[PDB]
Amino acid sequence: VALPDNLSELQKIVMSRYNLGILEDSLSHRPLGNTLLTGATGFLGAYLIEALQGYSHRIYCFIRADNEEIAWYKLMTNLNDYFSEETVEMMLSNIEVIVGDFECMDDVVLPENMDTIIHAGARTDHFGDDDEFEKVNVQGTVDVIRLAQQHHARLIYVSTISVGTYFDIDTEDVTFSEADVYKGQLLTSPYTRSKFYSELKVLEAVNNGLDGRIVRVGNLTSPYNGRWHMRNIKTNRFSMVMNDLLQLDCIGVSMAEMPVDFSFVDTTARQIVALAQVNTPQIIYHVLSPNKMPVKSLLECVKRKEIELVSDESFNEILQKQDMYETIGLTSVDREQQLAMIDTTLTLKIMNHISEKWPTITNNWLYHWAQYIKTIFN
């Protein structure tokens, strides 16, 4: 749990800018132009290059791959899944690839002054690590920052709301807002602990003159309007827990009182792009579907019936009966502790003071969303 000696000064500035609200001069547009993205090859990355199509001069995608040929292939294959060949071609007109070495994130020679940098930062999770592939992530972040100052660019670092959504039991205050950096939340996973440390590394650099901001995204799901497909959905924690859950008709008490959001990818992408254009004093933003619902009223809309409650004890029985495996273990791992009350108000003002609000979920949409999750795991 290593926190900088000057954490006090960090928290002091995010709160300083938080209580600035929206200044009259603040709401105004600054163009992106030459943007450098890392996250293509990934989920949010692909929908990010579709969402800043037209607000940006040229998109320079930095991809770790052994040559230019392979990096293009890795990227095009990605986009080809989410969109039509017609819409991918035009997207492909104003965009270039920056083949980068996997071992070293050094000596990167870029061909123009990048005024905007968005870091989504997928890391090779399939390669073995002793929690050491999670320190090279922070290295992978601190290397982007170094390049951000060198160009005098606006850095946008995409983090996760999970960076402060889990709290220890028996803690008095548990709220988490765009003003909170560290509050004693527990960083369970090594992924979370890394997206946390980069948030800190981006913070202490924003103190030293750099223009940068952190966008905390929620659990990303298939877009509102787009293809339901999501690459590597087989390994996403959220979606696979839903399929193990949609074969039953009873649901736990502590289990089904839990919230579930549908932060659509295309909306998260659209919002992040709107956020990078308006200069606005805050440093941390929460881009998250505010339409959270309990799992109860979600299974009442997928089965059209009423699901009935059982105890957690009698649940564990019916769970092992079908070899629940990992879905059970991350289900009781969210029940064992306290769940942070996420404040998203200050961002909700802005991201609807200029952009769109979040699309209202519709009952048939989920039925379709249900069917996709059902079919893919069989």
# chains A, B, ... in the order shown; residues from 1 in each chain; ligands from 1
>>> closest_atom_pairs(of="range 108-188 of chain A", to="range 255-266 of chain A", cutoff="12 Å", atoms="only C-alpha atoms", output="JSON lines")
{"residue": "A:160", "atom": "CA", "partner": "A:263", "partner_atom": "CA", "distance": 11.6}
{"residue": "A:161", "atom": "CA", "partner": "A:263", "partner_atom": "CA", "distance": 11.2}
{"residue": "A:165", "atom": "CA", "partner": "A:259", "partner_atom": "CA", "distance": 11.6}
>>> write_last_selection(atoms="N, CA, C and O atoms", output="PDB file, in the first residue's frame")
ATOM      1  N   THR A 160     -10.565   3.385 -13.819  1.00  0.00           N
ATOM      2  CA  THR A 160     -11.763   2.609 -13.558  1.00  0.00           C
ATOM      3  C   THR A 160     -12.382   3.044 -12.240  1.00  0.00           C
ATOM      4  O   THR A 160     -11.666   3.372 -11.300  1.00  0.00           O
ATOM      5  N   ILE A 161     -13.708   3.046 -12.169  1.00  0.00           N
ATOM      6  CA  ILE A 161     -14.392   3.417 -10.939  1.00  0.00           C
ATOM      7  C   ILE A 161     -14.099   2.381  -9.863  1.00  0.00           C
ATOM      8  O   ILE A 161     -14.232   2.650  -8.673  1.00  0.00           O
ATOM      9  N   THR A 165     -14.252   1.400  -5.284  1.00  0.00           N
ATOM     10  CA  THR A 165     -15.631   0.947  -5.137  1.00  0.00           C
ATOM     11  C   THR A 165     -15.781  -0.096  -4.031  1.00  0.00           C
ATOM     12  O   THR A 165     -16.896  -0.413  -3.611  1.00  0.00           O
TER      13      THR A 165
END
>>> residues_around(residues="residue 216 in chain A", least_positions_apart="6", cutoff="8 Å", atoms="only C-alpha atoms", output="list in words")
residues 158, 159, 160, 161, 284, 285, 286, 287 and 288 of chain A
>>> select_by_dssp(residues="range 129-326 of chain A", states="alpha helix (DSSP H)", output="VMD selection string")
chain A and resid 136 to 151 190 to 207 237 to 245 253 to 256 265 to 277 296 to 299 312 to 320 326
>>> atom_distance(atom1="CA of residue 358 in chain A", atom2="CA of residue 275 in chain A")
14.4 Å
>>> residues_around(residues="residue 25 in chain A", least_positions_apart="5", cutoff="12 Å", atoms="only C-alpha atoms", output="ChimeraX atom specification")
/A:20,278-281
>>> residues_around(residues="residue 307 in chain A", least_positions_apart="3", cutoff="10 Å", atoms="only C-alpha atoms", output="PyMOL selection string")
chain A and resi 248-251+296-300+303-304+310
>>> residues_around(residues="residue 141 in chain A", least_positions_apart="3", cutoff="8 Å", atoms="only C-alpha atoms", output="ChimeraX atom specification")
/A:119,121,137-138,144-145,198,201
>>> atom_distance(atom1="CA of residue 108 in chain A", atom2="CA of residue 41 in chain A")
19.3 Å
>>> atom_distance(atom1="CA of residue 8 in chain A", atom2="CA of residue 184 in chain A")
13.5 Å
>>> closest_residue(among="A:115, A:178, A:96, A:89", to="residue 33 in chain A", atoms="only C-alpha atoms")
A:115
>>> closest_atom_pairs(of="range 83-197 of chain A", to="range 328-351 of chain A", cutoff="6 Å", atoms="only C-alpha atoms", output="JSON lines")
{"residue": "A:165", "atom": "CA", "partner": "A:340", "partner_atom": "CA", "distance": 4.8}
{"residue": "A:166", "atom": "CA", "partner": "A:339", "partner_atom": "CA", "distance": 5.2}
{"residue": "A:167", "atom": "CA", "partner": "A:338", "partner_atom": "CA", "distance": 4.9}
{"residue": "A:168", "atom": "CA", "partner": "A:337", "partner_atom": "CA", "distance": 5.5}
{"residue": "A:169", "atom": "CA", "partner": "A:338", "partner_atom": "CA", "distance": 5.1}
{"residue": "A:174", "atom": "CA", "partner": "A:340", "partner_atom": "CA", "distance": 5.3}
{"residue": "A:175", "atom": "CA", "partner": "A:341", "partner_atom": "CA", "distance": 4.7}
{"residue": "A:176", "atom": "CA", "partner": "A:342", "partner_atom": "CA", "distance": 4.9}
{"residue": "A:177", "atom": "CA", "partner": "A:343", "partner_atom": "CA", "distance": 4.5}
